[PDB]
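Accompanying notes for the structure given below.
Each residue takes its place number in the sequence, starting with 1. Side chains are part of it too, since the values below use all heavy atoms of this structure and drop only hydrogens, waters and symmetry mates.
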Amino acid sequence: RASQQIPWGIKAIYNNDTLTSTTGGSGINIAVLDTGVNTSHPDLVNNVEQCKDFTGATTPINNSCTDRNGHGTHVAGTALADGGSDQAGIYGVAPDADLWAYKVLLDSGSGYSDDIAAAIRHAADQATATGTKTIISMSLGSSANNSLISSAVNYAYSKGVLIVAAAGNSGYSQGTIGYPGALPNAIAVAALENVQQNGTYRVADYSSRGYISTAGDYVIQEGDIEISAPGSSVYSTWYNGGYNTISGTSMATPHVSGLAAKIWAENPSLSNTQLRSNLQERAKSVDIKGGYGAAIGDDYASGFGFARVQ
Ligand SMILES: [Ca+2]
Ligand SMILES: [Ca+2]
Ligand SMILES: [Ca+2]
Ligand SMILES: [Ca+2]
Ligand SMILES: [Ca+2]
């Protein structure tokens, strides 16, 4: 059923060109705030733990998270597909992690800021209620900074949740990074393509860029890109079965959320801040120098660099 069980981006983030399966993530929840998920997909069914809808007339709506788009299923599979109970499917970065499929986007792929905010806060409340470490993964954004979403992100961060979000797809001009990625308490993820330039992976032209003034210090301010990850031509799970290949910072984001879950599961005593520091150090050690604006060191195209397993 799967044309590639270990897609290029999974091999790249593992830093293993002969990888045969992925592993890790046990006990960590990845809350994928998106268009829903195909929770019966063979490669996801073993990890679906929560399924809630934030787009309806009351909120949350439990036991409802149907993907009619594909985007949310695809993102989930990159983060945590587990090969299926027959080992014949695709693998995501953290195949042992738990999926919280939170539908915050309508079937069109667009969503309302109040719904997104509500889901962020709910994921935090569920982390607190259950006593479990949780990563919010948001493959979504806007050029405008919405205060409902920003306040929700701060709330979640205060409760120990890690927030990972797409940089956006409005590149490559300076200052195109969107929100929530551009918030100080969210990890903004830039998209790599499977092309080398200047001896490194290349940032895709579409990936939104941060700002010159605050890039270079290896400290995240508002508007800074943080981590780069594979985003172009990513094979993953799709909503009505099967698989599909699509591109974007939406695809890069779950590579980072999945990596974060893998790392966190190896030491769940890390605070969200300490986990973020681990990721930042991984990234710094793999400096990205390809693509418009990319440079030696921390830069506004690729942030700190490309965080990898080893
Ligand atoms: Ca769990
Ligand atoms: Ca609504
Ligand atoms: Ca940020
Ligand atoms: Ca900075
Ligand atoms: Ca760089």
Checklist entry - Salt bridge check: are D107 and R68 linked by an N-O gap of less than 4.0 Å? => result yes
Item to check | Residue pairs, two or more places apart or on separate chains, that pass side chain to side chain donor-acceptor pair (under 3.5 Å) and touch residues 187-197 | outcome: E193-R202, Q197-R202
Checklist entry - side-chain hydrogen bond (donor to acceptor under 3.5 Å, both in side chains) with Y206: which residues, sequence neighbours excluded? => result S232
Item to check | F306 ring center near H255 ring center (under 6.0 Å) | outcome: no
Checklist entry - Of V75, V189, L192, which meets side chain to side chain contact (heavy atoms under 4.5 Å, CB included) against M251? => result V75
Item to check | Distance-only side-chain donor-acceptor flag, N46 / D82, under 3.5 Å | outcome: yes
Item to check | Sole candidate of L279, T134, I136 that passes side chain to side chain contact (heavy atoms under 4.5 Å, CB included) when paired with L162 | outcome: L279
Item to check | Minimum heavy-atom distance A294-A301, with the two atoms named | outcome: N-CB, 3.7 Å
Checklist entry - How about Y112: does its OH atom have over 12 heavy atoms from other parts shown lying under 6.0 Å from it? => result no
Item to check | Sequence neighbours excluded - salt bridge (charged side-chain N to carboxylate O under 4.0 Å, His left out) pairs with any residue from residues 273-282 | outcome: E226-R276
Next on the checklist: When you compare the side chains of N16 and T18, does any donor N or O come within less than 3.5 Å of an acceptor on the partner?
Outcome noted: yes
Checklist entry - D43 and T237: side chain to side chain donor-acceptor pair (under 3.5 Å), yes or no, with the steps? => result CA-CA 8 Å; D43 304 349; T237 42; over 6 Å; no
